[PDB]
Amino acid sequence: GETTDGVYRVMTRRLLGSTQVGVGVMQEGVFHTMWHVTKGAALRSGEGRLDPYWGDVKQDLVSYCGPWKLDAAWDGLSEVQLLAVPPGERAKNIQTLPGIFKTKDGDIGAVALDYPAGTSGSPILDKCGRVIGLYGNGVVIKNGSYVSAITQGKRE
Amino acid sequence: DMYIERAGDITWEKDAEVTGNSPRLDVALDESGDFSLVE
Ligand SMILES: Nc1ccnc2c(Cl)cccc12
């Protein structure tokens with residue numbers, strides 16, 4: 001199948017029409033997405049099959065064909081770009097300065113950008129173009145607007 | 001049976017639509033990987 005680096009839509013036919021359920025990053029031969037998108041289910045890429053290799057429901061992450069490959073981190077200062085990929089709509093960089101999830105276990109980057117749930121898995125970029133995490137897991141604040149963590153996996 | 005289709009390159013695009021605020025939030029992460037507002 002397509003194993004080219006870049007961002008991808010995750011599609012199902014199990015509902016009405018073809019439905020985008022999420023997004024993911026192919027890098028170094030590995031497809032990275034959020035767990036809630038595929039539930040660890042296998043994926044088709046041409047005839048090509050992708051099989052889950054690593055996953056953690058608590059991190060809400062999963063990798064296919066290999067171990068988690070993305071080790072770049074928000075530096076805590078600089079702005080970043082959600083490379084959002086919405087259902088039925090073209091890939092589109094949105095630049096933003098992350099807020100903060102303060103948790104008992106530490107501070108996480110967060111991005112206050114509101115997009116349909118099908119955007120879950122869309123990557124988040126530093127200025128050198130490195131992926132520093134994935135959008136689509138977080139929280140609804142007073143307003144009614146969605147705020148997402150910058151969710152990053154650990155590389156070996 | 002899910003499948004994947006390419007949607008673009010991963011690049012920083014100079015002069016992109018700059019928006020969204022930068023809120024600081026106290027949150028709890030459960031064993032189910034659901035985040036929640038700790039107030
Ligand atoms: N309600 C929601 C649940 C899960 N994800 C969401 C995303 Cl990614 C965007 C907007 C809303 C939601």
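Just so we're on the same page: letters track the sequence lines, and every chain starts at 1.
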Closest non-hydrogen atoms of B/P23 and A/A112, given as atom of the first, atom of the second and distance, are CD-CB, 4.0 Å
Distance-only donor-acceptor screen, chain A against chain B, under 3.5 angstrom:
| from | atom 1 | to | atom 2 | distance (Å) |
| --- | --- | --- | --- | --- |
| A/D5 | O | B/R6 | NE | 3.4 |
| A/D5 | O | B/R6 | NH2 | 2.9 |
| A/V7 | N | B/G8 | O | 3.0 |
| A/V7 | O | B/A7 | N | 2.9 |
| A/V7 | O | B/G8 | N | 3.4 |
| A/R9 | N | B/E5 | O | 2.8 |
| A/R9 | O | B/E5 | N | 3.2 |
| A/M11 | N | B/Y3 | O | 2.9 |
| A/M11 | O | B/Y3 | N | 3.0 |
| A/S18 | OG | B/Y3 | OH | 3.4 |
| A/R44 | N | B/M2 | O | 3.0 |
| A/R44 | O | B/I4 | N | 2.9 |
| A/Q81 | OE1 | B/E13 | N | 3.0 |
| A/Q81 | NE2 | B/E13 | O | 3.2 |
| A/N93 | ND2 | B/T11 | O | 2.8 |
| A/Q95 | N | B/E17 | O | 3.4 |
| A/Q95 | O | B/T19 | N | 3.0 |
| A/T96 | OG1 | B/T19 | O | 2.8 |
| A/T96 | OG1 | B/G20 | O | 3.4 |
| A/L97 | O | B/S22 | OG | 2.5 |
| A/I100 | N | B/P23 | O | 2.9 |
| A/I100 | O | B/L25 | N | 2.7 |
| A/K102 | N | B/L25 | O | 2.6 |
| A/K102 | O | B/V27 | N | 2.7 |
| A/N137 | ND2 | B/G33 | O | 3.1 |

With clusters defined by side-chain heavy atoms of hydrophobic residues (ILVMFWY) lying less than 4.5 Å apart, directly or transitively, does [Y] cluster with [X]?
{"X": "A/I150", "Y": "B/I10", "answer": "no"}
{"X": "A/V37", "Y": "A/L50", "answer": "yes"}
{"X": "A/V23", "Y": "A/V25", "answer": "yes"}
{"X": "B/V18", "Y": "A/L82", "answer": "no"}
{"X": "A/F31", "Y": "A/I124", "answer": "no"}

Need one label for [X]: side chain, backbone, both or neither, based on atoms under 4.5 Å from any heavy atom in chain B.
{"X": "A/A42", "value": "backbone"}
{"X": "A/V111", "value": "neither"}
{"X": "A/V57", "value": "both"}
{"X": "A/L97", "value": "both"}
{"X": "A/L43", "value": "both"}

Practice task
Output the rest of the hydrophobic cluster of B/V27: all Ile, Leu, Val, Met, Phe, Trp and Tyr residues reachable through side-chain heavy-atom contacts under 4.5 Å, sorted by chain and number.
Solution key: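 Once heavy-atom contacts under 4.5 Å are chained together, B/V27 belongs with A/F101, A/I108, A/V139, A/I141, A/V147, B/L25, B/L29, B/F35, B/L37.
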